[PDB]
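Shown here is one chain on its own, the form deposited in one PDB entry, set out as structure tokens.
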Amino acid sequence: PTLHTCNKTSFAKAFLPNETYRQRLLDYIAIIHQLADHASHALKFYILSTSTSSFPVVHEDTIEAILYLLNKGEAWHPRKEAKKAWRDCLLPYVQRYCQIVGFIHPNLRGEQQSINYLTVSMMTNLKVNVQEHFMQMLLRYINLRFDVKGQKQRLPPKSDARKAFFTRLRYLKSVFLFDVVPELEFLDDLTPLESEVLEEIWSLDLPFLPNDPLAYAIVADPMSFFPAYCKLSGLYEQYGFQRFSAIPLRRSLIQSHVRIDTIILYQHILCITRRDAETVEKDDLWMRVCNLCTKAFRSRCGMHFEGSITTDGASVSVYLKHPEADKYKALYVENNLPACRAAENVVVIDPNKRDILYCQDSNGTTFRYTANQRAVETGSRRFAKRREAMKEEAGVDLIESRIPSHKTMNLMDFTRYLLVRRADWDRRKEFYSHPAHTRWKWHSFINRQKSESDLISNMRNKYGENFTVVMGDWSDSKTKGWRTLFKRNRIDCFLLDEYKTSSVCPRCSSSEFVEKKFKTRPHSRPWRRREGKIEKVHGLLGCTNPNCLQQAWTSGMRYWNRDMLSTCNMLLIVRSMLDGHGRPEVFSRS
């Protein structure tokens, strides 16, 4: 929530030059990464193995037991009965997975904090994935079975007589989702394909709530839908449809950020006994290894360091925690008109795929922030090319390209995937252990900060010290993140509808004479260009009304830039709203 914030700095600046502490941190994070990866893989293996009888009720205890068995094995001695039962149930499968992958127990001491963090993170990932995408995948399967993609081509489009099927589907889903209780007579009207789909959906054993819809049930207790979600994945694999990651495997070999709190310095880094450490204040203890006088550790908006960082070997994210922590169409300009009138200057912004921002003012001054500029400043393209060159030189591409899909729900296929991953684990681990990846991430962060700061500085220099931002509500290229950026710089941002803003000429206010796609040219994309394809120009528009024309023009139409027209029409709309006349009729929906 609002009670927490983060400041990201370099590894060298955050920590003192004592090499022992840095080496201990680097060693600890590497062990934690492997533990998390193998825990996720073992959880998936156990789920697939138990699929023979029933999908288990996965809780925090399951992942915690998997982690402990990987780290300690039989040496784990839980006190409570539930954890002991989980240990007894998971030990054989964990040992079998270790044999398959050749895992060697690290026997790391003092793993409580890291194990708790990893268990919480993995359960959060499971919950988020299931909650967010169970409905999406179910509806996607429903559409795929009925060939809705091909049904448009099979039937003549835009015909009332053919609307029956697309209406029939709308009803079937309501029966399948338990949204509407079907009448008994309708059950006998199902065609064989519909009956098969109904049986397949029934086999999923989807939970249900009588008082609230299925969507509310998913949010209320998303994890209860996990057993069905996995089943759904299997259905895909039965029909060859594009599969999805049912279980969130943690596969990346690059060093992931690992959390470090006061306890981790307590035990692993400083290696001081708990009794001795309890006699020292937290701030001094952290100062013994960290330069808290650095800029990154300063208080902001009443927040304080409070001993919490995340490190990956190249960058350190220090978390500032407010003292009051838990400790265990509002955005549209229509509703914000009163605030707009007090702005010194008003900026109207149109987003586009290429021109990420196209900004204009009432005084006519224009500005833009394009995709190419963002790519160049951020360095994404250069880093991508260098990474591709490294992969080509090391030959890792041939190894990764042949890896069997990890989304399979069959035990044999998952075992084959694990064997293939083990076969070349050593080479890829060394390749991704290179400092290039974390350094690239840190440099990308710095470049993004620089680019955003330069953008804000240029906007202030062109449009004044303070101004209000009005942006279109279109979204697909950065689309919705900008709303946050202006907030970080204390610049107001408001939304505006783009309906037909690109089909009206501001100088005659008549949409009947607007020309679209009046010229064609060889395709801009080189691979499409060599293919012989031709592209219609989208951003160029024409006006044919005589009032906008002149006798000295042989073209016969006044030319306009699409972004310029959009910004001018949006400025006119804003002026009309501020004048009390509301949205102009021409741009109004109906």
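Residue positions are given as counts along the sequence shown, with the first one as 1. We call the rigid core whatever largest set of C-alpha positions still superposes within 1.5 Å between the two forms.
Here the subject shifts to the form deposited in another entry, a form of this protein not shown in this document.
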Core-fitted Cα difference of 2 Å or more between the shown form and the other one, single residue among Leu126, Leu172, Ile264, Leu232: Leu172
Could you check, with the core superposed, whether the Cα atom of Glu392 shifts 2 Å or more between the shown form and the other one? no
With both forms fit on the core, is the shift of the CA atom of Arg79 between the shown form and the other one 2 Å or larger? no
Displaced residue check between the shown form and the other one: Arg109, CA, 2 Å or over, core reference: no
